[PDB]
Amino acid sequence: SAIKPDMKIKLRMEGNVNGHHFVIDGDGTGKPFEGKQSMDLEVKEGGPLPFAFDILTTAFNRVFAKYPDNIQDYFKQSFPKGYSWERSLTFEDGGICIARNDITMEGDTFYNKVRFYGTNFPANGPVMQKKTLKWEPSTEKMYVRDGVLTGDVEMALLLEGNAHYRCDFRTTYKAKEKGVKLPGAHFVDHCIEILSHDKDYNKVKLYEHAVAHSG
């Protein structure tokens, strides 16, 4: 196995939300076979961010997901060459984001080149007013569409005032090496949490747990 039970994670994200530019670095570790990863993030440019940090967090690698023997593990089978993903986030108030990650591996470390672009958030909305609290746990549906592994999930951001703010995610996943076999349709249960932060979310510790299953 290319992938060891403990791996390091290095990341840089560049992006722009509603005209606001930012650069964010990450340094993390995780346990691919237990489906657990954590990361320390530090905003390097454009802080303090004028939008909810929460919109970014799922952009900060499905290799960290516990797969049973009876489902093909496309992600772990992608290494050492790696894979890329592309995601659209469609929020219920018209906000739209486009994100991508190109994932490589050198030794015991995954490198992630992330881009994140968002637009059309209303100035008076929960994202630009910083009113969000957390993503609710949920279930990604994995299937193949015209030869491309695709994951769909309807996600919910819990807002102050006990309301949710809904968002449809679609991610396409593609191995760098041709001939990695596609999996059959399945589910991935996942939960992402902000574990700690400083005053303006310039330094943040992030955690994700993810488990694949057949229903």
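Method of determination for the deposited model, per the PDB record: X-ray crystallography, at 1.53 Å resolution.

> So what's going on with the overall build of the chain? Which residues, and what values?
The helix and strand inventory of the chain stands at 0 helices and 12 strands. For the chain, the α and β elements follow one another from N to C terminus as β-β-β-β-β-β-β-β-β-β-β-β. C-alpha extents for the chain along the principal axes are approximately 45 × 35 × 25 Å.

> Report on the packing of aromatic side chains, specifying residues and quantitative values.
Overall, the coordinates contain 13 aromatic pairs when judged by the stated rule. Ring centres of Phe-75 and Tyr-173 lie 5.0 Å apart, and the angle between their planes is 75°; on these two criteria the pair is classed as edge-to-face. Within this pair, whereas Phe-75 is found in the loop between β3 (36–45) and β4 (83–91), its partner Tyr-173 is found in strand β10 (residues 163–175), the two being separated by 98 residues in sequence. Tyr-173 shares its class with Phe-75; the two are buried. Measuring from centroid to centroid gives 5.6 Å for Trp-135 and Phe-169, while their planes differ by 85°, and the two rings are edge-to-face.

> I'd like to hear about the environment of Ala-212, residue by residue, with values.
Examined against the element boundaries, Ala-212 turns out to sit in strand β12 (residues 203–213). Classification of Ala-212 as buried rests on a relative accessible area of 4%. A sequence separation of 114 residues divides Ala-212 from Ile-98, and the C-alpha atoms of the two residues are 25 Å apart. Setting aside chain neighbours within four positions, we find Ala-212 in contact with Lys-66, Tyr-67, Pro-68, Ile-71, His-186, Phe-187 and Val-188.

> With reference to specific residues and values, describe the pattern of salt bridges.
The tally for this structure, following the rule as stated, stands at 14 salt bridges. A salt bridge links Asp-25 to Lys-44, with the nearest nitrogen and oxygen atoms 2.8 Å apart. Here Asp-25, found in strand β2 (residues 20–31), pairs with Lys-44, found in strand β3; they are 19 residues apart in sequence, far enough to count as distant. Relative accessible area serves as the criterion here: at 45%, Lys-44 is assigned to the partly exposed category. Among the salt bridges present, the one from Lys-199 reaches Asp-200, with a minimum N-O distance of 3.6 Å. Owing to a relative accessible area of 72%, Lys-199 belongs among the exposed residues under this scheme. Connected through salt bridges with shared partners, the residues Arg-12, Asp-25 and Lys-44 form a single ionic network.

> Could you give an account of the nonpolar core, with specific residues and numbers?
Within the largest apolar cluster, 59 residues are counted, with the highest numbers of intra-cluster contacts made by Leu-56, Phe-60, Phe-91 and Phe-116. Excluding its chain neighbours within four sequence positions, the residues that come into contact with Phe-91 are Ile-55, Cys-97, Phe-121, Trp-135, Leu-157, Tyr-165, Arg-166 and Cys-167.

> Pulling in residues and values, what's your account of the pairing of β2?
Relative to β2, strand β1 (residues 7–17) is paired through 11 bridges, and the arrangement is antiparallel. The residue bridging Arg-12 from the neighbouring strand is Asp-25, located in β2. Counted along the chain from β1 to the antiparallel partner β2, the turn is 2 residues long, and its residue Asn-18 has a positive phi close to 55°. For β2 and β3, the ladder comprises 9 bridges, and the chain directions are antiparallel. Of the residues in β3, the one forming a bridge with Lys-31 is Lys-36. Count of turn residues in the β2/β3 antiparallel hairpin: 4 residues, of which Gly-35 carries a positive phi of about 65°.

> How would you summarise unusual backbone geometry if you had to cite specific residues and measurements?
Going from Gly-47 to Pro-48, the amide bond is cis rather than trans, its omega being 10°. Within the element layout of this structure, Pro-48 appears in the loop between β3 and β4. A cis amide bond links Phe-79 to the next residue, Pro-80, at an omega of 15°. Along the polypeptide, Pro-80 turns up in the loop between β3 and β4. In this model, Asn-162 sits at a positive phi of 50°, which is unusual for a non-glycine residue.

> An account of the environment of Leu-89 is needed here, citing residue identities and associated values.
Looking at the element boundaries, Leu-89 is found in strand β4. A C-alpha to C-alpha distance of 8.2 Å links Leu-89 and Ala-99, two positions 10 residues apart in sequence. Residues within four places of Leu-89 in sequence aside, it is in contact with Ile-55, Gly-95, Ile-96, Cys-97, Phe-116, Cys-167, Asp-168 and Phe-169.

Procedures and definitions
- Residues numbered from 1 in each chain as written, not as in the entry; some residues may be left out.
- Heavy atoms only, no water.
- Residues with missing side-chain atoms left out of burial classes, pairs and counts.
- Helix = DSSP H or I, 4+ residues; strand = E, 2+ residues; numbered from the N terminus.
- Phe/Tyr/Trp six-rings, centres within 6.5 Å; stacked < 30°, edge-to-face > 60°.
- Buried < 20%, exposed > 50% of the residue type's maximum accessible area, 1.4 Å probe, protein only.
- Contact = heavy atoms within 4.5 Å.
- Salt bridge = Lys/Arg side-chain N within 4 Å of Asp/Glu carboxyl O.
- Core = buried A, V, L, I, M, F, W, Y, C linked by side-chain atoms within 4.5 Å.
- Pairing = 2+ DSSP bridges.

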